[PDB]
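Report on the structure given below.
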Amino acid sequence: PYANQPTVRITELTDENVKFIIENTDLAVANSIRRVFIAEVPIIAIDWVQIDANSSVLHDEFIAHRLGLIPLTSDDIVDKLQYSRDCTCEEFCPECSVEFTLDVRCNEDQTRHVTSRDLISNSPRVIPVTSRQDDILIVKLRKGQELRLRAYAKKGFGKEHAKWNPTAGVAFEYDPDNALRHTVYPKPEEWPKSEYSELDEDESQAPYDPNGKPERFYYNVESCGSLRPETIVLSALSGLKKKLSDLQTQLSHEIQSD
Amino acid sequence: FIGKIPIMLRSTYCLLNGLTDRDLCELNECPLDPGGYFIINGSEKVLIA
Amino acid sequence: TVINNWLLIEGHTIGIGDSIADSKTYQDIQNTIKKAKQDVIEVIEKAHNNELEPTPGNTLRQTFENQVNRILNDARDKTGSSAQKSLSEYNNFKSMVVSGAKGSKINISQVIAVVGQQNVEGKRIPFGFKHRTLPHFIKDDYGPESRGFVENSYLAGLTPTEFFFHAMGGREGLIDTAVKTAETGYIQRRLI
Amino acid sequence: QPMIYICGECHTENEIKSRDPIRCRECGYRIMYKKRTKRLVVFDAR
Amino acid sequence: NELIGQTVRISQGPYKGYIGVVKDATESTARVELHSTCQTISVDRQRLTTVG
Amino acid sequence: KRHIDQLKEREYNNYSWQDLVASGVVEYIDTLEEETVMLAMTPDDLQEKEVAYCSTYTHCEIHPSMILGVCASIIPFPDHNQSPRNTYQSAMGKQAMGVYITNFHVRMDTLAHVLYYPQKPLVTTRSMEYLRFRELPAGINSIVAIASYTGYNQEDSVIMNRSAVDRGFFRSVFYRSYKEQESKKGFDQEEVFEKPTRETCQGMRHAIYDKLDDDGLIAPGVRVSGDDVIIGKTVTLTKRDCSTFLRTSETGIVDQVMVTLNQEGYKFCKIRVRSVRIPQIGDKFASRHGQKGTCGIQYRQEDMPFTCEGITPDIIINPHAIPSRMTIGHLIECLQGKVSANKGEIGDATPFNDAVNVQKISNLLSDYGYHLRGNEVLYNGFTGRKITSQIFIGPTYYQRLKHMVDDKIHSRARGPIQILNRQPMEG
Amino acid sequence: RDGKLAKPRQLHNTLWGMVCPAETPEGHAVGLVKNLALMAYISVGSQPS
Amino acid sequence: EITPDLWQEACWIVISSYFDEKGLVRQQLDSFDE
Amino acid sequence: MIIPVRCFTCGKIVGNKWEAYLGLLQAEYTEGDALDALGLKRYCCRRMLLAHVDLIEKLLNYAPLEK
Amino acid sequence: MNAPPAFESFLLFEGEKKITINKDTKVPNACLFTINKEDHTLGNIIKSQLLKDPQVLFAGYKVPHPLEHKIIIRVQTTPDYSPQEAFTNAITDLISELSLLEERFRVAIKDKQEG
Amino acid sequence: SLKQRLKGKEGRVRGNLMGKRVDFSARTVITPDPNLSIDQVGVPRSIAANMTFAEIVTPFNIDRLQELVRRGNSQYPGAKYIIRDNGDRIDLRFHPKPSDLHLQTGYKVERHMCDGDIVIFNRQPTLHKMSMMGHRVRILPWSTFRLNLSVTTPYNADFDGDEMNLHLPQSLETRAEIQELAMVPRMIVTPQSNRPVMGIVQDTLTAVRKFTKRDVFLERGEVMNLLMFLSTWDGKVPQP
RNA sequence: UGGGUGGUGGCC
Ligand SMILES: [Mg+2]
Ligand SMILES: [Zn+2]
Ligand SMILES: [Zn+2]
Ligand SMILES: [Zn+2]
């Protein structure tokens with residue numbers, strides 16, 4: 001009647017992805033963690049653009065949309081900034097937003113590549129991912145065309161928009177051999193072995209296990225570069241636990257008021 | 001003078017004849033336009049066979 | 001409500017693998033088609049030697065066409081039956097047909113075994129040109145592949161002439177759809 | 001009131017008043033495009 | 001009415017920081033057409049701020 | 001071989017198609033002459049020595065697939081589809097949005113649709129090279145999974161990925177141009193461009209004129225909405241309003257305003273208004289095989305199914321759309337899209353090729369670590385459980401039609417009325 | 001249009017390589033509107049002297 | 001010389017030349033010029 | 001019209017790989033090797049570069065409306 | 001036009017109780033917990049944890065409509081054990097599990113970053 | 001001539017007498033929604049907020065109608081007109097004075113269409129009686145008519161771009177006439193051939209054939225998850 | 001300033 005004791009093993013760790021394994025856990029918990037990776041991990045991205053001049057051949061809304069998808073390095077600021085719907089400040093303050101400025105004019109004859117290096121921010125701790133392999137291209141300008149704008153970056157998570165998703169691709173897989181027979185192969189021999197298969201080349205799938213449960217959930221969380229890949233997992237666990245705590249608080253309030 | 005005959009684009013008697021693609025781009029007419037339609041009061045009309 | 005939520009656990013699909021024979025039914029289908037071609041050639045040969053007894057109440061051309069169509073229909077039905085026998089229990093066409101949700105056994109036969117014979121106005125492809133159906137054929141040819149019998153299957157692709165004959169056969173459905181709407185509404189209007 | 005316009009081909013900023021024949025003061029080109037507005041525009045990047 | 005025909009900036013709430021033009025208003029609330037989306041919404045006058 | 005060799009150098013050599021006609025190698029044939037020729041479908045097959053069928057060939061087809069029109073030559077594997085499906089695709093191939101012309105930003109066209117991110121097909125036909133389709137495409141390659149997921153895509157409906165749409169998938173912008181000139185109906189009837197006032201103007205609607213400037217023309221970059229003044233126009237008798245209004249439920253942005261003179265020398269102006277159209281529910285999408293459908297619901301990324309790696313379908317279509325219409329070309333295209341994406345080369349789907357078949361594509365796919373029939377094991381997007389049936393999934397070219405739902409929604413409650421018979425108007 | 005005759009609407013054998021067998025409207029004008037094949041060319045005429 | 005079993009490559013070269021010389025709307029231009 | 005910033009399906013950043021992809025193509029590299037030389041593993045990301053047509057270059061040829 | 005704003009999925013408005021409890025009348029010791037502005041992310045784990053309790057006789061969740069953000073969790077327990085205490089015990093167990101998981105993950109990260 | 005004005009179709013008798021254009025109508029594309037009862041139709045907010053239904057004030061509902069009148073025409077669950085018993089109507093879109101917001105017992109309120117309202121829902125090729133059924137309204141976010149799938153078969157709808165009309169009865173007697181005669185559940189069996197017109201179709205049919213096979217076994221967790229979806233369940237778990 | 005005419009297209 002009590003939660004069991006999970007264990008974690010990490011098999012590969014770079015600055016782009018983390019490949020770990022989770023033991024002794026129900027499938028629902030593992031799936032929910034996988035889900036929080038995608039949706040509810042707060043991150044900083046620009047969500048307010050004012051355009052002063054745009055002589056480029058792409059209309060203003062297209063520029064704003066392309067700007068919003070640029071990943072921003074938010075490693076220690078995401079937990080310090082307040083959601084704009086919660087900050088009591090008037091208009092926009094450094095406590096809840098970051099200001100960006102773009103001003104590029106093409107006077108030379110050759111085309112001018114307006115890249116993310118032309119985005120200038122007032123917060124050194126939040127810059128697009130070109131800190132130190134070209135940059136994100138935004139537009140191209142011909143001679144006589146200019147683009148001047150001003151943008152604001154704020155806090156959000158993927159449940160609101162896909163520009164706040166921190167993860168590029170999250171791979172999740174349990175039971176690499178079809179021991180539990182959740183999936184049923186019509187012709188088993190036609191199917192390639194899984195990456196984490198502990199099975200010799202002769203047999204196609206493990207013998208049926210009448211009394212087994214999903215365990216040993218393999219993960220491969222790849223970051224789009226805005227958060228360090230381990231920070232994504234840590235923030236996901238923290239956010240899920242906080243959501244449960246808030247639900248428990250409201251539940252206790254409702255119970256003691258019935 | 002007798003009258004004005006509407007001219008079909010990219011014909012021998014159209015200004016867009018024999019021009020290089022560079023000239024077409026400089027004239028704000030893409031080289032991919034097939035022609036073969038008349039312009040009447042600013043509307044592109046096509047003669048169905 | 002219950003079934004749409006159990007389907008999330010079960011799942012359902014369709015794909016290329018559900019439209020493949022076991023490479024042993026293909027040989028049977030090929031043999032059946034070869035035998036059908038041989039039989040129509042034999043009927044044609046017996047016809048040009050005036051050894052064809054006219055069927056009761058039918059002209060010589062009419063009975064010739066009757067035997068030809070009978071042979072072709074027999075070939076189509078046998079190949080379709082073999083294709084149905086070949087399908088496994090995990091195939092998706094079979095699952096969606098036996099439940100009556102969509103399609104029918106003839107669709108499975110046409111996808112796997114053979115498209116069949118095309119017609120316009122209930123007859124084989126007419127001699128649109130002078131005594132032939134297409135420039136690629138030869139004058140006064142009444143063989144199977146020269147009058148609109150599509151030998152291949154939808155999976156295996158159609159040859160040019162079979163493709164054109166299939167387009168001819170398809171156009172009739174569109175024309176009938178165009179006219180049926182125009183007539184039924186008027187009929188019902190007068191009735192009411 | 002000055003109602004600044006832009007020529008179609010030479011793109012030279014030239015002023016024309018009300019009830020005046022539309023013409024670029026040079027190059028005689030007769031196509032004029034209005035300049036961009038001054039009031040604020042705000043686009044959300046969604 | 002002063003508020004009608006004014007460019008306004010939403011000061012607080014989820015819509016904080018957005019801009020628009022007031023179309024109709026009452027003694028309690030007002031209707032603002034958002035410059036960024038193809039929809040007109042209703043917002044409280046207290047959370048409003050006229051810009052320009 | 002000499003003719004082909006000279007043709008291959010036709011930018012150096014002046015050798016062209018005309019020189020080929022001159023040497024008496026090809027010959028134009030009309031229908032009546034066609035009545036008497038003997039035609040060979042292909043030389044390397046129908047001219048070799050066998051039991052003599054005709055052995056008297058007088059011509060040969062250049063390529064059999066050359067008999068299709070412009071629109072039907074973009075269908076991949078058309079010889080694998082039922083006949084009416086090709087006709088339906090040809091019908092709906094003229095309603096897909098895309099970059100309709102390179103210089104679309106200059107023309108002041110009416111009802112111009114253009115897509116943000118058009119892409120060339122991953123699997124093309126050799127014929128669409130001469131249609132310049134790889135320069136003005138219309139459609140986006142999308143990971144399509146054929147499965148019944150939630151029952152929201154059953155009767156020819158589709159499910160789209162909300163996150164993908166947020167990433168710009170199938171986003172499109174919609175232009176619309178307005179025209180208004182001032183003509184003299186008489187010396188007492190003269191129309192001018194002038195901002196109306198509440199003091200002297202008698203006939204007026206409930207749309208205020210603050211959006212436009214003193215010139216009477218609304219400047220570019222100004223948000224507009226339904227029943228908003230665009231060109232402040234008055235008439236003389238005294239002053240009555242004849243100004244044009246942006247039509248209801250448009251809510252665009254004035255893109256550019258041009259001012260010029262007609263032949264009579266009157267002032268003249270065309271105003272273009274642009275609007276961005278996110279692919280919401282109810283929009284119409286169609287494959288290249290006559291598989292039209294309307295979006296049924298949009299799930300976010302964490303709700304869609306996924307593979308061993310985190311690949312989530314962009315569109316999910318019902319399995320029941322295939323068997324009745326027998327669009328096996330759709331399945332073959334989806335299967336070969338996977339091979340084209342993994343191998344990195346653009347596949348070929350010329351109608352009558354005979355060098356490409358299901359077995360070869362299956363082997364090529366097996367050589368990359370996928371199931372040879374293109375199926376994959378998906379996990380349920382909500383509970384994370386496996387699905388007992390393997391799902392067919394792969395890239396496929398979809399194209400977004402122009403029948404948007406926001407252009408068709410309409411309701412009435414005691415609106416305007418006709419004059420002759422006092423009944424509600426129409427339209 | 002509005003004619004019950006189907007002979008002018010059917011796909012004749014002679015439309016091989018001259019007219020698209022597939023492209024046609026499906027409304028009341030089905031079969032009465034046609035599009036050229038890709039290689040088709042229309043003769044322009046010449047004096048028979 | 002004969003072109004055996006490499007005809008797939010050579011078959012589309014003549015098509016490319018034909019569409020380079022004559023456009024897609026050559027009938028309209030020819031008729032109007034005449 | 002221009003390279004998308006992010007891959008539509010998964011969300012990988014791809015808007016910076018276009019110039020590198022062209023540069024690799026202007027060499028002995030084939031597309032199958034250029035793509036995974038750039039680190040594009042999932043075919044959803046591969047098709048994003050592989051099937052993208054760049055109309056911005058053609059659009060840059062027209063004279064700008066201003067000066 | 002009729003597009004809902006993006007924040008309706010996770011934001012509570014004025015006068016919207018996060019969780020509401022109603023006593024089911026068909027069978028004894030049954031309750032319906034209606035949680036606003038939630039999705040499968042939370043209901044799935046709550047239900048899965050509730051099934052490990054041997055005093056619970058029924059536990060499931062459903063989403064009445066994917067265009068509306070609220071889920072209903074139905075729990076039925078043995079007579080000597082209220083559903084509410086079972087629900088809160090499940091919450092505590094999940095929180096403890098997550099805390100242990102994050103701690104061990106931090107330990108593993110430290111181990112990996114220094115060989 | 002005068003004869004042309006009423007000769008045939010689009011004439012007087014056939015164009016303005018046996019067929020008219022009516023107020024209180026809507027039309028939009030249709031998309032599937034398997035979470036609605038077969039007698040429900042999902043309408044969008046913009047359509048719902050534009051079509052009104054007059055309601056008689058009564059001491060049993062005066063408070064709610066007063067609140068709706070207070071809300072106005074902008075906020076959705078509001079009103080559009082208030083009609084005095086003498087025939088005069090007071091608009092609500094032009095910020096009326098607070099004195100006119102007061103309403104008596106015999107007044108009429110032109111409130112917006114809320115949930116539970118009754119509508120007529122037809123498809124234009126109206127062949128037989130089962131193409132003009134009545135549904136109950138449920139308002140849903142996006143802009144499209146959503147209807148259950150078992151109801152598509154009578155209408156011959158296809159969700160491939162089709163559109164359907166929506167007529168809103170404007171009187172209590174008409175509402176009771178529709179509710180008691182032409183609700184969807186009352187039209188299950190046709191009198192044309194004494195057999196049902198609505199059946200299980202598509203994924204539901206395929207999966208119910210797969211579901212009731214001899215070797216379909218479910219663990220307790222999935223059984224509870226499925227029983228959560230039975231509206232008529234009695235709360236007793238059957239013995240396995 | 002509305003009427004009239006034609007064309008294109010969507011669903012059966
Ligand atoms: Mg339909
Ligand atoms: Zn702040
Ligand atoms: Zn000038
Ligand atoms: Zn990707």
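Residues in the structure tokens are numbered from 1 in each chain, the chains being A, B, ... in the order shown, and ligands are numbered from 1 in the order shown.
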- [ ] Dump as an MDAnalysis selection string the residues of chain B that approach chain I to within 7 Å, counting only C-alpha atoms.
- [x] chainID B and resid 25:26 28
Go ahead and write the residues just picked, N, CA and C atoms, as a JSON list (two decimals), in the first residue's frame.
```json
[["chain", "number", "residue", "atom", "x", "y", "z"],
["B", 25, "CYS", "N", 13.41, 39.87, -64.15],
["B", 25, "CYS", "CA", 13.43, 40.13, -62.71],
["B", 25, "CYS", "C", 13.55, 41.62, -62.43],
["B", 26, "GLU", "N", 14.38, 42.33, -63.21],
["B", 26, "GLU", "CA", 14.49, 43.77, -63.05],
["B", 26, "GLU", "C", 13.21, 44.50, -63.44],
["B", 28, "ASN", "N", 10.19, 43.26, -62.62],
["B", 28, "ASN", "CA", 9.16, 42.74, -61.72],
["B", 28, "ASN", "C", 8.18, 41.82, -62.44]]
```
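For residue J:102, the residues within 7 Å (counting only C-alpha atoms (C1' of nucleotides), excluding itself and residues fewer than 4 positions away along the chain) are residues 234 and 237 of chain A; 98 and 106 of chain J.
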Write to file, as a PDB file, in the first residue's frame, the residues of the selection just made, with N, CA, C and O atoms.
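Final output, result11.pdb:
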```
ATOM      1  N   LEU A 234      15.706  17.288 -13.749  1.00  0.00           N
ATOM      2  CA  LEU A 234      15.546  17.796 -12.391  1.00  0.00           C
ATOM      3  C   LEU A 234      14.349  18.735 -12.288  1.00  0.00           C
ATOM      4  O   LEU A 234      13.542  18.626 -11.356  1.00  0.00           O
ATOM      5  N   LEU A 237      11.037  16.671 -12.443  1.00  0.00           N
ATOM      6  CA  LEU A 237      10.680  16.037 -11.179  1.00  0.00           C
ATOM      7  C   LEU A 237      10.208  17.067 -10.164  1.00  0.00           C
ATOM      8  O   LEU A 237       9.210  16.849  -9.462  1.00  0.00           O
TER       9      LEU A 237
ATOM     10  N   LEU J  98       8.695  10.632  -5.781  1.00  0.00           N
ATOM     11  CA  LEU J  98       9.352  11.623  -6.625  1.00  0.00           C
ATOM     12  C   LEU J  98      10.565  12.232  -5.930  1.00  0.00           C
ATOM     13  O   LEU J  98      11.599  12.468  -6.568  1.00  0.00           O
ATOM     14  N   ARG J 106      20.198  12.987  -8.724  1.00  0.00           N
ATOM     15  CA  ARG J 106      21.296  13.909  -8.444  1.00  0.00           C
ATOM     16  C   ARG J 106      22.564  13.152  -8.081  1.00  0.00           C
ATOM     17  O   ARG J 106      23.663  13.503  -8.534  1.00  0.00           O
TER      18      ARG J 106
END
```
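Pairwise distance (atom CA of residue J:64, atom CA of residue K:231) equals 11.2 Å.
Taking atom CA of residue G:6 and atom CA of residue C:73 as the two end points, the separation is 26.9 Å.
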Within 12 Å of ligand 3, counting only C-alpha atoms (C1' of nucleotides) and all ligand atoms, residues as a PDB file with N, CA and C atoms, in the first residue's frame:
```pdb
ATOM      1  N   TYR D   5       4.662  60.427 -49.687  1.00  0.00           N
ATOM      2  CA  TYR D   5       4.524  59.198 -50.453  1.00  0.00           C
ATOM      3  C   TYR D   5       5.893  58.732 -50.926  1.00  0.00           C
ATOM      4  N   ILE D   6       5.915  57.548 -51.530  1.00  0.00           N
ATOM      5  CA  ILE D   6       7.130  56.948 -52.070  1.00  0.00           C
ATOM      6  C   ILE D   6       6.889  56.627 -53.536  1.00  0.00           C
ATOM      7  N   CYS D   7       7.830  57.014 -54.393  1.00  0.00           N
ATOM      8  CA  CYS D   7       7.692  56.739 -55.813  1.00  0.00           C
ATOM      9  C   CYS D   7       7.781  55.241 -56.086  1.00  0.00           C
ATOM     10  N   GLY D   8       7.122  54.822 -57.166  1.00  0.00           N
ATOM     11  CA  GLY D   8       7.071  53.405 -57.488  1.00  0.00           C
ATOM     12  C   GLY D   8       8.414  52.828 -57.892  1.00  0.00           C
ATOM     13  N   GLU D   9       9.200  53.581 -58.659  1.00  0.00           N
ATOM     14  CA  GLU D   9      10.443  53.051 -59.206  1.00  0.00           C
ATOM     15  C   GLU D   9      11.696  53.678 -58.612  1.00  0.00           C
ATOM     16  N   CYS D  10      11.751  55.004 -58.470  1.00  0.00           N
ATOM     17  CA  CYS D  10      12.939  55.632 -57.903  1.00  0.00           C
ATOM     18  C   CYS D  10      12.899  55.679 -56.383  1.00  0.00           C
ATOM     19  N   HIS D  11      11.726  55.463 -55.786  1.00  0.00           N
ATOM     20  CA  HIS D  11      11.572  55.359 -54.334  1.00  0.00           C
ATOM     21  C   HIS D  11      12.050  56.622 -53.622  1.00  0.00           C
ATOM     22  N   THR D  12      11.886  57.770 -54.275  1.00  0.00           N
ATOM     23  CA  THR D  12      12.313  59.041 -53.709  1.00  0.00           C
ATOM     24  C   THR D  12      11.175  59.665 -52.916  1.00  0.00           C
ATOM     25  N   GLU D  13      11.445  59.975 -51.649  1.00  0.00           N
ATOM     26  CA  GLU D  13      10.451  60.594 -50.781  1.00  0.00           C
ATOM     27  C   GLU D  13      10.075  61.959 -51.341  1.00  0.00           C
ATOM     28  N   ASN D  14       8.841  62.082 -51.819  1.00  0.00           N
ATOM     29  CA  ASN D  14       8.334  63.328 -52.372  1.00  0.00           C
ATOM     30  C   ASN D  14       6.964  63.630 -51.785  1.00  0.00           C
ATOM     31  N   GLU D  15       6.695  64.917 -51.598  1.00  0.00           N
ATOM     32  CA  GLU D  15       5.474  65.385 -50.959  1.00  0.00           C
ATOM     33  C   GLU D  15       4.480  65.838 -52.019  1.00  0.00           C
ATOM     34  N   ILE D  22      -1.318  63.237 -59.212  1.00  0.00           N
ATOM     35  CA  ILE D  22      -0.364  62.290 -58.644  1.00  0.00           C
ATOM     36  C   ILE D  22       0.798  62.134 -59.620  1.00  0.00           C
ATOM     37  N   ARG D  23       1.981  62.578 -59.207  1.00  0.00           N
ATOM     38  CA  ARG D  23       3.169  62.475 -60.039  1.00  0.00           C
ATOM     39  C   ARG D  23       4.394  62.668 -59.162  1.00  0.00           C
ATOM     40  N   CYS D  24       5.420  61.862 -59.409  1.00  0.00           N
ATOM     41  CA  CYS D  24       6.708  62.077 -58.772  1.00  0.00           C
ATOM     42  C   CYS D  24       7.342  63.339 -59.338  1.00  0.00           C
ATOM     43  N   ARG D  25       7.874  64.184 -58.448  1.00  0.00           N
ATOM     44  CA  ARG D  25       8.396  65.476 -58.885  1.00  0.00           C
ATOM     45  C   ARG D  25       9.543  65.314 -59.875  1.00  0.00           C
ATOM     46  N   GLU D  26      10.239  64.184 -59.831  1.00  0.00           N
ATOM     47  CA  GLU D  26      11.183  63.794 -60.865  1.00  0.00           C
ATOM     48  C   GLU D  26      10.735  62.468 -61.465  1.00  0.00           C
ATOM     49  N   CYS D  27      11.325  62.130 -62.614  1.00  0.00           N
ATOM     50  CA  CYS D  27      11.153  60.856 -63.314  1.00  0.00           C
ATOM     51  C   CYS D  27       9.703  60.591 -63.714  1.00  0.00           C
ATOM     52  N   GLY D  28       8.805  61.529 -63.414  1.00  0.00           N
ATOM     53  CA  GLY D  28       7.415  61.472 -63.833  1.00  0.00           C
ATOM     54  C   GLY D  28       6.667  60.170 -63.613  1.00  0.00           C
ATOM     55  N   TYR D  29       7.132  59.332 -62.689  1.00  0.00           N
ATOM     56  CA  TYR D  29       6.462  58.064 -62.429  1.00  0.00           C
ATOM     57  C   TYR D  29       5.193  58.299 -61.620  1.00  0.00           C
ATOM     58  N   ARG D  30       4.140  57.550 -61.952  1.00  0.00           N
ATOM     59  CA  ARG D  30       2.795  57.853 -61.484  1.00  0.00           C
ATOM     60  C   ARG D  30       2.273  56.852 -60.459  1.00  0.00           C
ATOM     61  N   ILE D  31       3.144  56.042 -59.867  1.00  0.00           N
ATOM     62  CA  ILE D  31       2.746  55.062 -58.862  1.00  0.00           C
ATOM     63  C   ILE D  31       3.355  55.470 -57.530  1.00  0.00           C
ATOM     64  N   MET D  32       2.507  55.618 -56.515  1.00  0.00           N
ATOM     65  CA  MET D  32       2.929  56.057 -55.194  1.00  0.00           C
ATOM     66  C   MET D  32       2.458  55.063 -54.145  1.00  0.00           C
ATOM     67  N   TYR D  33       3.364  54.685 -53.248  1.00  0.00           N
ATOM     68  CA  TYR D  33       3.058  53.796 -52.135  1.00  0.00           C
ATOM     69  C   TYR D  33       3.120  54.583 -50.836  1.00  0.00           C
TER      70      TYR D  33
ATOM     71  N   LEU I  65      10.970  48.107 -52.681  1.00  0.00           N
ATOM     72  CA  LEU I  65       9.997  49.176 -52.879  1.00  0.00           C
ATOM     73  C   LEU I  65      10.542  50.531 -52.442  1.00  0.00           C
ATOM     74  N   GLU I  66      11.402  50.558 -51.432  1.00  0.00           N
ATOM     75  CA  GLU I  66      12.045  51.779 -50.967  1.00  0.00           C
ATOM     76  C   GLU I  66      13.473  51.835 -51.501  1.00  0.00           C
ATOM     77  N   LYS I  67      14.210  52.854 -51.068  1.00  0.00           N
ATOM     78  CA  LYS I  67      15.606  53.000 -51.466  1.00  0.00           C
ATOM     79  C   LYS I  67      16.489  53.224 -50.244  1.00  0.00           C
TER      80      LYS I  67
END
```
- [ ] Output the neighbourhood of ligand 1 as a ChimeraX atom specification, that is, all protein and nucleic acid residues with some atom at most 9 Å from the ligand, counting only C-alpha atoms (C1' of nucleotides) and all ligand atoms.
- [x] /F:156,292-293 /K:156-162 /L:11-12
For chain A versus ligand 2, which residues have an atom no more than 10 Å away, and what is each residue's nearest atom pair and distance in Å rounded to one decimal, using only C-alpha atoms and all ligand atoms, chain-then-number order, as a tab-separated table?
```
residue	atom	partner	partner_atom_place_in_ligand_line	distance
A:81	CA	ligand 2	1 (Zn)	8.4
A:82	CA	ligand 2	1 (Zn)	7.1
A:83	CA	ligand 2	1 (Zn)	8.1
A:84	CA	ligand 2	1 (Zn)	6.2
A:85	CA	ligand 2	1 (Zn)	8.8
A:86	CA	ligand 2	1 (Zn)	8.0
A:87	CA	ligand 2	1 (Zn)	4.5
A:88	CA	ligand 2	1 (Zn)	6.2
A:89	CA	ligand 2	1 (Zn)	4.4
A:90	CA	ligand 2	1 (Zn)	6.9
A:91	CA	ligand 2	1 (Zn)	7.1
A:92	CA	ligand 2	1 (Zn)	5.2
A:93	CA	ligand 2	1 (Zn)	4.3
A:94	CA	ligand 2	1 (Zn)	6.4
A:95	CA	ligand 2	1 (Zn)	5.0
A:96	CA	ligand 2	1 (Zn)	4.1
A:97	CA	ligand 2	1 (Zn)	6.6
A:98	CA	ligand 2	1 (Zn)	9.9
A:154	CA	ligand 2	1 (Zn)	9.7
```
Write out, as a PDB file, in the first residue's frame, the residues just selected, with C-alpha atoms.
```pdb
ATOM      1  CA  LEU A  81      11.765  34.922 -13.085  1.00  0.00           C
ATOM      2  CA  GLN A  82       8.080  35.141 -12.226  1.00  0.00           C
ATOM      3  CA  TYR A  83       5.297  34.378 -14.668  1.00  0.00           C
ATOM      4  CA  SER A  84       4.150  37.622 -16.272  1.00  0.00           C
ATOM      5  CA  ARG A  85       0.592  36.839 -15.168  1.00  0.00           C
ATOM      6  CA  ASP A  86       1.878  36.788 -11.567  1.00  0.00           C
ATOM      7  CA  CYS A  87       4.345  39.690 -11.409  1.00  0.00           C
ATOM      8  CA  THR A  88       2.710  42.710  -9.780  1.00  0.00           C
ATOM      9  CA  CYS A  89       4.905  45.124 -11.746  1.00  0.00           C
ATOM     10  CA  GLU A  90       3.475  47.628 -14.173  1.00  0.00           C
ATOM     11  CA  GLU A  91       4.274  46.817 -17.819  1.00  0.00           C
ATOM     12  CA  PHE A  92       7.551  44.853 -18.007  1.00  0.00           C
ATOM     13  CA  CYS A  93      10.335  44.722 -15.428  1.00  0.00           C
ATOM     14  CA  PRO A  94      13.638  42.814 -15.333  1.00  0.00           C
ATOM     15  CA  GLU A  95      12.172  40.605 -12.598  1.00  0.00           C
ATOM     16  CA  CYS A  96       9.755  38.993 -15.074  1.00  0.00           C
ATOM     17  CA  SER A  97      11.070  39.653 -18.597  1.00  0.00           C
ATOM     18  CA  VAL A  98      14.158  40.231 -20.736  1.00  0.00           C
ATOM     19  CA  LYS A 154       9.260  35.732 -20.733  1.00  0.00           C
TER      20      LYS A 154
END
```
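Taking atom CA of residue F:354 and atom CA of residue H:8 as endpoints, the distance between them is 10.6 Å.
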Task: Counting only C-alpha atoms, chain B residues within 12 Å of chain F, as a PyMOL selection string - done: chain B and resi 24-34+41-44
C-alpha atoms of the current selection, written as a CSV table (one decimal), in the first residue's frame:
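Okay, this is what ended up in result-v5.csv:
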```csv
chain,number,residue,atom,x,y,z
B,24,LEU,CA,12.5,40.1,-66.4
B,25,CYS,CA,13.4,40.1,-62.7
B,26,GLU,CA,14.5,43.8,-63.0
B,27,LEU,CA,11.1,44.5,-64.6
B,28,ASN,CA,9.2,42.7,-61.7
B,29,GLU,CA,8.0,39.9,-63.9
B,30,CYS,CA,9.2,36.4,-62.9
B,31,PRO,CA,10.7,34.3,-65.7
B,32,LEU,CA,8.4,31.4,-64.7
B,33,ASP,CA,5.3,33.1,-65.9
B,34,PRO,CA,4.1,31.2,-68.9
B,41,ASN,CA,-8.7,46.4,-67.7
B,42,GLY,CA,-6.0,44.9,-65.5
B,43,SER,CA,-7.5,41.4,-65.4
B,44,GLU,CA,-5.7,38.4,-66.9
```
- [ ] List the neighbours of residue G:38 out to 8 Å using only C-alpha atoms (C1' of nucleotides); skip same-chain residues closer than 6 positions along the sequence, and give me the result as an MDAnalysis selection string.
- [x] (chainID F and resid 66:70) or (chainID H and resid 24)
